[PDB]
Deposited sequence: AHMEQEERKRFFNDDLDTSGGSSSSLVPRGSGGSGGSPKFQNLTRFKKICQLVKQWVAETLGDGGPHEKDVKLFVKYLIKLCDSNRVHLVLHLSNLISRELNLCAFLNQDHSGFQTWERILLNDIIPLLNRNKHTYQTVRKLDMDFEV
């Protein structure tokens, strides 16, 4: 399985992905990745890991809404099952990755701190 992304472009304003800063260009690249790997049965494990690292930078820079948009972008592209070939069940494989590697990052960071106040108090007593 070939690599679609270059690991050396990202360090390991909005964070860069694969040397791109414009969000529409990032989205366009992600669209290509999904579309070209469905026919191989899904993406390379390392490209997923590299993309997750970018998504986590988004989460930690108060840009969860950009993770949300990219997630739905990938999700909607998987509606193309009647148009694109898939070997090794690429559509199922991408949907697993979406549900297991990507979507769970939407709740990595909380935006309410009731559990934090509780944890500190439980540790205080």
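In this entry, the deposited residues absent from the coordinate set span 1-7, 20-35.
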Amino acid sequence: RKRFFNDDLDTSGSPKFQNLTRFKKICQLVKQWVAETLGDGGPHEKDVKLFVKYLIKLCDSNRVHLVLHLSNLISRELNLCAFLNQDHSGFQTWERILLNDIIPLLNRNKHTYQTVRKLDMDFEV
From here on, numbers count along this sequence of modelled residues.
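Stretches 25-33 and 60-68 differ in mean CA B factor, with 60-68 having the higher one. In this entry, 81-89 has the higher mean Cα B-factor, the comparison being between 36-44 and 81-89. Among all modelled residues in its chain, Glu124 ranks in the lowest third by Cα B-factor. Ranked within its chain, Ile102 lands in the lowest third, by CA B factor from the PDB record. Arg96: CA B factor lies in the middle third for its chain, per the PDB record.
Residue-level temperature factors show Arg117 in the lowest third of its chain, judged at the C-alpha atom.
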